[PDB]
**Q** 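Handing you a structure now.
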Amino acid sequence: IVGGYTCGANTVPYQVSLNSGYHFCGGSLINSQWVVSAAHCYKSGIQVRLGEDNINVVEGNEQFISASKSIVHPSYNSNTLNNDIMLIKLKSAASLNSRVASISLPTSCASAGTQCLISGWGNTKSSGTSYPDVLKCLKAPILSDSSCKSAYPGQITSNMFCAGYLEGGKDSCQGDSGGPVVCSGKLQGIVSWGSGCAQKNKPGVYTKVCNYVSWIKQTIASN
Ligand SMILES: CN1CCC(O/N=C/c2ccc(C(=N)N)cc2)CC1
Ligand SMILES: [Ca+2]
């Protein structure tokens, strides 16, 4: 997260770190045994880390649970990033409390102008590289589809939206991938892609979660 703020320990209780020996992606806990992330975060040997603040220090509220299976969206295209969504099932159910909690799925899509909270342990620099150890947060508005498409001609599908600031300086970044965009207590987006980070006229592009609620629910119901 570039141009954001320190969230505070366990203030974003649905935020997960995906770990394969090191943090590589964020995710969102949607019930005691399922996490939603980006399909571009797919890999084998994922351990899900809940209750994290400093990802480099055991602080007392962590739950580390290995993934038993991952399900990439049936229509995920790695070249266009269309349908950039994946479900991850935990080997055992997480213990839910105030610091480790699921986030609600949307029942309808959010509108341009809605403020959302975007979070993760990704790069904090728009030019260099600096990875924070503690969770970072950014409040950002959803942008109009017209401004999104103008920013990224020929690349924005109906399963994507932009959020952030066309002036630059405030954005998600590498390492935030797969993490949450939460608007009025609902998971509306997943950190998906962008041109660099926090660049002028290049806002973050997010997976449009409301389009996937039917698939998420049916998938969970049978797996
Ligand atoms: C496999 N793999 C693809 C490249 C990189 O992922 N990049 C993610 C990303 C997310 C958000 C933004 C942004 N909001 N500007 C920019 C970039 C690392 C993971
Ligand atoms: Ca920790």
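Just so you know, these numbers use all the heavy atoms, side chains as well, and skip hydrogens, waters and symmetry mates. Heads up: numbering here begins at 1 and tracks the sequence.
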**Q** Looking only at atom types and distance, does a side-chain atom of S222 sit under 3.5 Å from a main-chain N or O of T219, one as donor and one as acceptor?
**A** no
**Q** Checking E59 side chain against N54 main chain: does a donor-acceptor pair fall under 3.5 Å?
**A** yes
**Q** Is there a donor-acceptor contact under 3.5 Å from the side chain of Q199 to the main chain of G169?
**A** no
**Q** For the side chain of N10 and the backbone of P13, is there at least one donor-acceptor N/O pair under 3.5 Å apart?
**A** no
**Q** Examine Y152 and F161 and state if one hydrophobic cluster contains both, with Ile, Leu, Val, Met, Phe, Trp and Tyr joined whenever side-chain heavy atoms are less than 4.5 Å apart.
**A** no
**Q** Are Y22 and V134 in one and the same hydrophobic cluster, where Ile, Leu, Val, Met, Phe, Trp and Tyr link if side-chain heavy atoms are under 4.5 Å apart?
**A** no
**Q** Quick one: closest heavy-atom pair of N83 and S75, and the distance?
**A** ND2-O, 2.9 Å
**Q** Ignoring hydrogens and angles, state whether a donor on the side chain of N31 or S102 is under 3.5 Å from an acceptor on the partner side chain.
**A** no
**Q** Are any non-hydrogen side-chain atoms of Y76 and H40 less than 4.5 angstrom apart?
**A** yes
**Q** Verify whether one side chain among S158 and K208 offers a donor that lies under 3.5 Å from an acceptor in the other.
**A** no
**Q** Please walk me through it: do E52 and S17 pass side-chain hydrogen bond (donor to acceptor under 3.5 Å, both in side chains)?
**A** CA-CA 7 Å; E52 286 283 13; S17 168; 6.0 Å; no
**Q** Please find the pair of heavy atoms, one from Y42 and one from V72, that lie closest to each other, and give the distance.
**A** CB-CG2, 3.8 Å
**Q** Under the criterion side-chain hydrogen bond (donor to acceptor under 3.5 Å, both in side chains), I'd like the reasoning laid out for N211 against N159: C-alpha separation, chi angles, the key distance, then a yes or no.
**A** CA-CA 7 Å; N211 292 356; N159 300 310; 2.9 Å; yes
**Q** Quick one: NZ on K125 to SG on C197, what's the gap to the nearest 0.5 Å?
**A** 13.0 Å
**Q** Consider only side-chain N and O atoms of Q218 and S214, and report whether a donor and an acceptor are under 3.5 Å apart.
**A** yes
**Q** Can you tell me if NZ on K217 sees more than 12 non-hydrogen neighbours from other groups inside 6.0 Å?
**A** no
**Q** List the atom of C173, the atom of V2, and the distance in Å for their closest heavy-atom pair.
**A** CB-CG2, 4.1 Å
**Q** Linking I/L/V/M/F/W/Y whenever their side-chain heavy atoms sit closer than 4.5 Å, directly or via other members, would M160 and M86 fall into one cluster?
**A** yes
**Q** Looking at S172, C116, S28, which hits side chain to side chain contact (heavy atoms under 4.5 Å, CB included) with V181?
**A** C116
**Q** Will you find, in the side chains of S192 and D84, an N or O donor that is under 3.5 Å from an N or O acceptor?
**A** yes
**Q** Quick one: do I1 and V205 end up in the same hydrophobic cluster if we chain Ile, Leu, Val, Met, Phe, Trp and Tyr together by side-chain heavy atoms under 4.5 Å apart?
**A** no
**Q** In the hydrophobic cluster built from side-chain contacts under 4.5 Å, what are the other members alongside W215?
**A** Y5, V12, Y14, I30, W34, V36, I55, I71, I85, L87, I103, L105, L117, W121, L135, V182, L187, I190, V209, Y212, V213, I216, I220
**Q** Any side-chain donor paired with an acceptor under 3.5 Å for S147 and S144?
**A** yes
**Q** Would you say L81 and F24 are hydrophobically clustered, going by side-chain heavy atoms of ILVMFWY under 4.5 Å?
**A** yes
**Q** Can the positive tip of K170 be found less than 6.0 Å from the middle of the six-membered ring of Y165, inside 45° of the ring normal?
**A** yes
**Q** So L29 and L90, side chain to side chain contact (heavy atoms under 4.5 Å, CB included) or not? Walk me through it.
**A** CA-CA 10 Å; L29 190 67; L90 307 184; 4.3 Å; yes
**Q** Just verifying a value: how many Å separate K200 NZ and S195 OG, rounded to the nearest 0.5 Å?
**A** 14.0 Å
**Q** With respect to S70, which candidate in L18, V35, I88 satisfies the side chain to side chain contact (heavy atoms under 4.5 Å, CB included) definition?
**A** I88
**Q** Starting at OG of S146, measure out to CD1 of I156 and round the result to the nearest 0.5 Å.
**A** 12.0 Å
**Q** Side chains of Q188 and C210, heavy atoms from C-beta outward: is any pair under 4.5 Å?
**A** yes
**Q** Report the hydrophobic cluster partners of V58, with the cluster defined as I, L, V, M, F, W, Y residues connected by side-chain heavy atoms closer than 4.5 angstrom, directly or transitively.
**A** none
**Q** In Å and rounded to the nearest 0.5 Å, what is the CG to OG1 distance from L143 to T114?
**A** 11.0 Å
**Q** Donor-acceptor pair, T11 side chain versus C7 backbone, under 3.5 Å?
**A** yes
**Q** With side chain to side chain contact (heavy atoms under 4.5 Å, CB included) as the test, would you mind laying out the steps for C183 and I142 before giving the verdict?
**A** CA-CA 9 Å; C183 325; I142 300 183; 4.3 Å; yes
**Q** What are the two closest heavy atoms between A67 and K91, and how far apart are they?
**A** O-NZ, 3.5 Å
**Q** Is it true that, when you exclude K202 itself, more than 12 heavy atoms of the residues, nucleotides or ligands shown sit nearer than 6.0 Å to its NZ?
**A** yes
**Q** Do side-chain atoms of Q63 reach the backbone of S95 as a donor and acceptor pair under 3.5 angstrom?
**A** yes
**Q** Within the side chain of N123, is there an N or O that forms a donor-acceptor pair under 3.5 Å with the backbone of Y131?
**A** no
**Q** When you look at CZ of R49, are more than 12 heavy atoms from neighbouring residues, nucleotides or ligands closer to it than 6.0 Å?
**A** yes
**Q** Just checking, any donor-acceptor pair under 3.5 angstrom between side chains of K89 and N223?
**A** no
**Q** Distance alone, cut at 3.5 Å: any donor-acceptor contact between the side chains of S119 and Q15?
**A** yes
**Q** What's the separation between atom CG in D133 and atom CG in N56, rounded to the nearest 0.5 Å?
**A** 4.5 Å
**Q** Does any donor atom in the side chain of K136 or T124 lie under 3.5 Å from an acceptor atom in the other side chain?
**A** no
